[PDB]
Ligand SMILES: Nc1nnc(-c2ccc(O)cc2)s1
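Only one chain is shown below, in structure tokens, and it's the form deposited without this ligand.
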């Protein structure tokens, strides 16, 4: 995946977030530090925070990542799109996990009620564990795929099943 997409993936709370543009940051609601009143020098009052369940979008009043171009964010992707989940792991290792995306689903995962776009990992048969699958630290990592000439971001990692094979992408 292009170095410009990896540059957007930022360590955030208990996981990650993704810079869509110099002013727009998206992440999984449950990774957000709950008592936080300041982000990248900016007070709460000066940021527009839009929340739909496990999807959260921050719009800043000043450019935080002016090195970046604005890119397309969509509400999930067509069934059967193959996406890459842009996961960073211990030691500047980059893990773009291949996922075939399915239907919008409501599920119960480790007792918690989750809603988003469902997907099945294409890494291996029994992908439980950090080698072929996701870990809780990966939440907020973006789901991306290439169209004609460009890349699209369509959501953020919200959950995975006990088996590891199914993942859920929270969507705008």
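Positions refer to the first chain, counted from 1.
The same protein also exists as the form solved in complex with this ligand; that form is not shown, yet it is the one meant from here on.
Within 4.5 Å of any heavy atom of this ligand in the entry with it bound lies no heavy atom of residue 77. Among residues of the shown chain, residue 47 is not one whose heavy atoms approach this ligand to within 4.5 Å in the entry with it bound. Shown alone here, residue 154 lies farther than 4.5 Å from this ligand in the entry with it bound, counting heavy atoms only.
When this ligand is considered in the entry with it bound, residue 73 lines it closely, a heavy atom lying within 4.5 Å.
Contacts between stretch 15-52 and this ligand, counted in the entry with it bound as any heavy atom lying within 4.5 Å, involve 20, 21, 24, listed in sequence order.
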